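The sequence shown begins at 2 in my numbering and counts up by one. Backbone N, C-alpha and C define an ideal beta-carbon position, used for all residues, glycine too. What follows is one structure encoded as structure tokens, with my remarks underneath.
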Amino acid sequence: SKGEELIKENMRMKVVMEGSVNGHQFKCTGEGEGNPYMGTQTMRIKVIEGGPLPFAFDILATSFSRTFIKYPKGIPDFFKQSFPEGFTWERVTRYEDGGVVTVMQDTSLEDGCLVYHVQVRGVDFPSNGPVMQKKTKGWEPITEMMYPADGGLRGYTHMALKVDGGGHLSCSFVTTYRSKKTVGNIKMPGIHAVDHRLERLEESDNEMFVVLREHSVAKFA
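This is the structure:
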């Protein structure tokens, strides 16, 4: 397909994120690379405005890349077929003890480089919770269930954010992935799972600089 010519064995990506959590404005930029067909990617993130953030970088880490999924033979790749136009995603994340995050993301391809704009709106995190107290130590591995939905995908995840001393902050994502393609055809997948391993490396003392690595692999349900 026309999508999986434009998506080379090695792709670069850059991201602008802007938003607020409990009324705190911030901007982050990031740039990285990976292998879309191995499901592997890494990106270097800076907080350029509102830093240091008075909340866990962990609530932003899942908003920084669905072109980099290893789709086994037998499961159509919605994301790679979307190009050259790309796709959007919108997500509601409801955290166990109050917090609600709204995300609208645009994915474009410009000059063979993937471009992400991310709009983030976090509210109602408890002032003394581990998110607003910066007492989180990253995510457990994720399985996202992908469901076909009127020519897009619906993504459903139950996730675990790790907190200081052990125990977890449970949260659920529902994500709507829509293609921006207006000229052309698509092969839709059926229901399938995507396993995601999202890790932090190389964080600065106050998470002003963060490297994320992700490994995303599709499988049968």
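request  = Look at the alpha carbon of residue 100 and the alpha carbon of residue 126, and state the distance between them as a whole number of angstroms.
outcome  = 4 Å
inquiry  = Checking 8 Å against the spacing of the C-beta atoms, do residue 204 and residue 211 come in under that value?
reply    = yes
task = Tell me residue 48's beta-bridge partners as DSSP assigns them.
result = 29
inquiry  = Taking the alpha-carbon of residue 58 as reference, which of 68, 47, 117 has the nearest alpha-carbon?
reply    = 47
N-terminal and C-terminal residue of the alpha helix (DSSP H) that residue 215 is part of = From DSSP, residue 215 is part of no alpha helix (DSSP H) but of the beta strand (DSSP E) over 210–220.
query = Skipping 5 residues on each side, what residues in its chain have a beta carbon closer than 8 Å to that of residue 53?
reply = 207, 208, 209
query = In terms of alpha-carbon separation, which member of 44, 98, 29 lies closest to residue 173?
reply = 98
Complete alpha helix (DSSP H) runs within the region 89–130 (minimum length 4 residues, chain order) = none
request  = Report the rounded CA-to-CA distance for residue 92 versus residue 102, giving the unit in angstroms.
outcome  = 8 Å
ask   = Where does the unbroken beta strand (DSSP E) through residue 196 begin, and where does it stop?
value = 193–202
ask   = DSSP three-state call for residue 4: helix, strand or coil?
value = helix
message = Starting from residue 174, trace the beta strand (DSSP E) in both directions and tell me its first and last residue.
response = 169–180
message = Considering only the alpha carbon of each residue, which of 221, 167, 196 lies closest to residue 41?
response = 196
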